[PDB]
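1. sequence, then the experimental structure. Questions to follow.
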Amino acid sequence: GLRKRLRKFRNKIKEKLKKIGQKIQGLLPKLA
């Protein structure tokens, strides 16, 4: 049962990741 929970876990966080990667690419061009 632990597996089913772990897999889905790394799936939820993965979403919040691609979210910030979209916020920094906007400032970089201005800062660096």
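-> On my side now, so go ahead. Numbering: from 1, shown residues only.
2. now the helices for this protein?
-> Using DSSP state H, the helices found in the chain span residues 2-31.
3. ok, now how distant is the spatially most central residue of it from residue 9?
-> Taking CA atoms, centre = their mean, the centroid of the chain lies closest to residue 17, which sits 0.8 Å from it. From residue 17 across to residue 9, the span is 13 Å (CB to CB, to the nearest Å). Backbone N, C-alpha and C define where each C-beta goes, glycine included.
4. ok, residue 20 next?
-> Residue 20 is 18 Å from residue 9, by CB to CB.
5. again with residue 24
-> Distance, residue 24 to residue 9, by CB to CB: 24 Å.
6. what does residue 23 give?
-> Using CB to CB, residue 23 is found at 23 Å from residue 9.
7. list the residues that contact residue 21.
-> For residue 21, the contact set (CB atoms under 8 Å, 6 or more residues apart in numbering) is empty.
8. would you mark the buried spots in stretch 7-23?
-> By neighbour count on 16 or more other CB atoms under 10 Å, the buried set for stretch 7-23 is empty.
9. CA atoms only for it, dumped as PDB, please.
-> Coordinates of each C-alpha in stretch 7-23 appear next as PDB, following Å, rounded to 0.1, in the frame of the first residue of the first chain:
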ATOM      1  CA  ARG A   7       3.900   7.200  -6.600                       C
ATOM      2  CA  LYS A   8       0.900   9.500  -6.400                       C
ATOM      3  CA  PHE A   9       2.900  11.700  -4.000                       C
ATOM      4  CA  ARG A  10       5.700  12.400  -6.400                       C
ATOM      5  CA  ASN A  11       2.900  13.300  -8.900                       C
ATOM      6  CA  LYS A  12       1.300  16.000  -6.900                       C
ATOM      7  CA  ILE A  13       4.600  17.800  -6.000                       C
ATOM      8  CA  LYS A  14       5.700  17.600  -9.600                       C
ATOM      9  CA  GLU A  15       2.800  20.000 -10.400                       C
ATOM     10  CA  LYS A  16       4.000  22.700  -8.000                       C
ATOM     11  CA  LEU A  17       7.400  22.500  -9.600                       C
ATOM     12  CA  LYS A  18       6.600  23.400 -13.100                       C
ATOM     13  CA  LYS A  19       4.700  26.300 -11.500                       C
ATOM     14  CA  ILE A  20       7.700  28.200 -10.100                       C
ATOM     15  CA  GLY A  21       9.800  27.400 -13.100                       C
ATOM     16  CA  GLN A  22       7.300  29.700 -15.000                       C
ATOM     17  CA  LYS A  23       7.700  32.500 -12.500                       C
END
